[PDB]
Every structure is written in structure tokens, then in C-alpha cells.
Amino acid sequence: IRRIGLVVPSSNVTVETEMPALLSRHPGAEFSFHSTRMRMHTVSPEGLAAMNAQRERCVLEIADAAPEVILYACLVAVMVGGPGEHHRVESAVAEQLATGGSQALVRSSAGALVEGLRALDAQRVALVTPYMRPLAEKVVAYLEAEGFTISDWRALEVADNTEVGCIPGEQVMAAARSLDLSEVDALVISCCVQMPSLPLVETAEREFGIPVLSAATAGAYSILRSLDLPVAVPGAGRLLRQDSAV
């Protein structure tokens, strides 16, 4: 049993749901999940700001559980900091654990997404997101700093975090179908930790004929690579079954 530490916005309900679910289809490894929450309700530069300020407390709480990896699941709070903020966040967290002899590895949803995209050899990218436009635009800037080209994106503009957790798959699929994907390497069908997408990932891949992924499947990828386990997890798109194919 591998203990995974989750740092999540208090109103987030989708990471604690999707991570266990797909990681339970792993061929030989078994996992357990352990959360600490940072208070946020409205996804705004101010909502993000007050949340992010709680990190120090959360890291301390979750390290008490001695997990093998900690996933800092606050994706948009990282990216609103702009170019390479996931490095300085992951670093800050590592530094903090180093103060107390924790052995935990660190990954973030922002890092993982970059990792999944690079694992795909993706250059041209499209994304679907529930954010307001100004925020959607920040996610896009951040990705372009990582070398990707955002050809097309969609922002459903749903600011209340609770409501984001309730976006139906059909709203998400429709936005995805409105996209021009002809010149696109990968579709990030959920660029948000909160917006559900899991039951969609595999089907979208089949329909669109290009790799599909989300913050969650990419988190699951990062996690698996960090614990040296086979990425051979079925039904969550090609990203997650790289070692079954090569």
C-alpha cells in the first residue's frame, strides 16, 4: 500500500474522487489517500490568493501522515503565479519538509500536466477549462512558457468551485467538439482539478483520434512515474497505458 498525500482546495471534491478511481485499476499496486484542505470557494485571483497562503499549515498536516508522495492538487492557484511557479511551489514544499525529516516526494497538478504533455511528445495543444476568461488566459500563458502552443481553448466561465464540480460530461464534451483539433497533438479535456472528466477521457480519445488527458490522469501519471510503477492502467487514455504499448 502506497500512501499518497493530497493537498486540495477545501471545496474540491473531484481529485479525492478521480485519483482513487483510476489508480484502483492499476495492475499490481494498491493505494491509499490522505487529504489536507485549504479553504477556497470562488475561483478568483483573490480566492486563489487566500487559499495559497495556507500551504505552510497543510504541508505540516499531511507530512504527519508520512506519505510516499504529496500531490499539491491546487492547479489554478499555481498557474495564476505565472511562468514556472510550480517549480517554486514544489520547491517551497520540499524545503519545508526538509525542515522536519519527511521523506515524501512532491508533485503538483501543474507540474504533472506539463509531464503528461511531454510524455505524449505534445507540442500543439488544445484545452477545455471551466475557468473565467482572465483565468483561462493565465493557464494559457503558463503553458506557452513551458514550450507548448495553445492552438485553441474554451473557458466555460463557471466561477463557483462547487458548481464546477457539477459540470456534466456532455457540457464538457460539447466544448471539446467545438474545438478545431486538426493540427493538435493532445487535448486536455479537463485543465481543472475540480471539473469532472474521467468517464470521458477514454471515449474522447476514441472519437478525436488524438491523445486526451486531464489534470487528474496526468497527476496519476506523475504519481506512478515517481514511485517507479508501470504505467499500465487501462481505460484512462494512452497516457496511462504507455508501458502496455511499449
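The first residue of the shown sequence is 1; numbering continues from there.
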Going by the entry, of stretches 147-155 and 94-102 the one with greater average Cα B-factor is 94-102
Is the mean CA B factor in the deposited entry higher across 123-131 or across 83-91? 83-91
Reading the B-factor column of the entry, which of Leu213, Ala220, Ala204, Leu60 has the highest value at its C-alpha atom? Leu60
Chain-relative CA temperature factor third for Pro234: highest
Entry-reported Cα temperature factor of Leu22, expressed as the chain third it lands in: middle
Third assignment of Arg55 from its chain's C-alpha B-factors: highest
By the entry's values, the third containing the CA B factor of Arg37 is the lowest
Within this chain, which third does the Cα B-factor at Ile4 fall in: lowest, middle or highest? middle
